[PDB]
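Listed next as structure tokens is one chain, alone, in the form deposited in one PDB entry.
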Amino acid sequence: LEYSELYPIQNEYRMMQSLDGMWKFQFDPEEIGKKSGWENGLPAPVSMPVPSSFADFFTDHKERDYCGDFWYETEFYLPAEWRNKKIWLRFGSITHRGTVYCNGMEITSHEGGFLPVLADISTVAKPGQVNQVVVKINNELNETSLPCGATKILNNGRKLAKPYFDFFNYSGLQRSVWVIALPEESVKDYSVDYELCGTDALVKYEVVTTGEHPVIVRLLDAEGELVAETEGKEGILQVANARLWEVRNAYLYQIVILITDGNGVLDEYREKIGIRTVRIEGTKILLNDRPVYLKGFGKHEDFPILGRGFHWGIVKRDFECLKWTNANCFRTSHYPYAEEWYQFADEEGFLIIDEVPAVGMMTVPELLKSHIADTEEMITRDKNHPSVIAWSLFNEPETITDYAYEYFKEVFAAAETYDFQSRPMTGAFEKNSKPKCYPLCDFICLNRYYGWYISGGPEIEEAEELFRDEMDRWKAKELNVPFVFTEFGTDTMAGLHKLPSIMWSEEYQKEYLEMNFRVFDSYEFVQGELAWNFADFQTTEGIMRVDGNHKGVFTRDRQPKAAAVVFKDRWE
């Protein structure tokens, strides 16, 4: 990559300044902004919070449902002391695609709405003055970028997003924005990989910098004491009596990467990491050489009013709820999340399956290029989190064809080359993939709705029989790999009670889950269960979605339905 994915920090060498707050904002239905000079300032803006999705602020349909080009602007004072630094704008994300301008000059463009965008403004920045940033954003969906969909044009020219996926097309500047300053020679990337040797551990590393000066790498324990030190852009740190990062029992070391010259340090990057190994062995998922059974949820970045807007408060509430259920895992369905989710998982000892936005899939070569780019960016961003134990490279694509296999072979090969740890890779399969892609997977993830979309309600005993039929077929294949159910659930309206239960009632959600557990527990090779979904979340409106998706175990406001205690008791 032509930029660093490293999370920004502040020290003697690196500065950061938050651009979060109220930005200027303007819709551009006629696509006239660039030919009207909007990159020099918006002519009739309204105010827009950053970070946030723009949609749910407005009180009118057309602004909520806006699809097309729209623009952000803000101004910021740059300290004079940032002169002679490399100065970058860093967006947590820009959803879905955009072009970044600074002081009227085009800096960079990015396609993909759920990973950082870095814009080098070194040559146009004005230290000791007010500076301007303007972003042209587009939120249309197509079949050559992720996540896939279409754009419908109403007769009057108005655009409407048509997702091929079951979540609302939130967009805008949904994550934090910084302006940062780096030394002229800086740490650009690093990778760690772990080996356990009795009570000791090895931390294998590589460092990439923007120069040729020597690198020193130090490892500090949780109290800031030096436990290992070596020299070179590649090396091994030896840790005596290592304190391993364990499930729901984290321990974090701090890696410190220094660039030096003859007169001292040029750059210092530091980050918390956790010493842990992940391996698949037969039908077992091994964490630090011991089997672990995954227990948890698919989530979303979704909250009232803010949409997918990042807030630490949502992180905190959601993790308190996760711990209360006795969960140990979540999947970032269906896109990489804000970096802070992973930082916090590291602290709390949660396991993450990190998922690229490969949802709604079927121009194929262009789509593959986008898919691989998102994969590279995700892995480069997230590889050094101890919480990230697996990559999910798709959710319910087509998989019953020869070509599809060639496509995913390239995606998996790309993931392998970018992950220094070569950790387990997978993807979630829909039922259409009836018992050549699953061999690419290190473990198999199944999304199943036996008892909801298949033989629901009065037919639930038939659903159980059908479910067992399918699992008996998988069993007979004797693949000797772990199976994880990455989705299962029922739409459930809080307060809808019925005796006997009906589809959509709280009681049915409980009975459905009990049935699924009976099936899961009947097969040795099942090694995880992630319920769909942690919480009710927004979707496109329609005849099958009653104010979004209600398969949450929690409400959107993060309160438990009856079924929540079912998970709590089972996972205890």
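Only residues modelled in both forms are compared. In case it trips you up, residue 1 is the first one in the sequence shown, and so on. If you superpose the two forms and keep the largest set of C-alpha atoms that fall within 1.5 Å, you have the rigid core.
Per the record, residue 435 and residue 436 are separated by 1 to 3 deposited residues that are missing from the model.
According to the PDB entry, the deposited sequence contains 10 or more residues between residue 362 and residue 363 that lack coordinates. Mean CA temperature factor is higher for 185 to 193 when stretches 89 to 97 and 185 to 193 are set side by side in the entry. On average the C-alpha atoms of 279 to 287 have higher B-factors than those of the other stretch, with 294 to 302 and 279 to 287 being the two compared. The maximum CA B-factor among the listed residues 166, 396, 374, 140, taken from the PDB record, is found at 396.
Per the deposited record, 369 carries the highest C-alpha B-factor of all listed residues (331, 369, 385, 175). Annotation for residue 271: C-alpha temperature factor in the lowest third relative to the rest of the modelled chain, per the entry. Ranked by Cα temperature factor within the chain, residue 511 sits in the lowest third according to the deposited record. In the PDB entry, a CA B factor belonging to the middle third of its chain's modelled residues is recorded for residue 547.
Placement of the Cα temperature factor of residue 116 within the chain: lowest third of the modelled residues, per the deposited record. Residue 53: CA B factor lies in the lowest third for its chain, per the PDB record.
The discussion below concerns the form deposited in another entry, not included here.
Compared between this form and the one not shown on the core, the listed residues 399, 108, 230, 186 keep their C-alpha shifts below 2 Å, save 399. In contrast to the form presented, in the other entry the C-alpha positions of residue 530 and residue 399 spread farther apart by 3 Å or more.
At a threshold of 2 Å in C-alpha displacement, with the core superposed and only residues shared by both forms counted, the segments of at least 3 consecutive residues that shift between this form and the one not shown are, in sequence order, 359 to 362, 395 to 402, 429 to 432.
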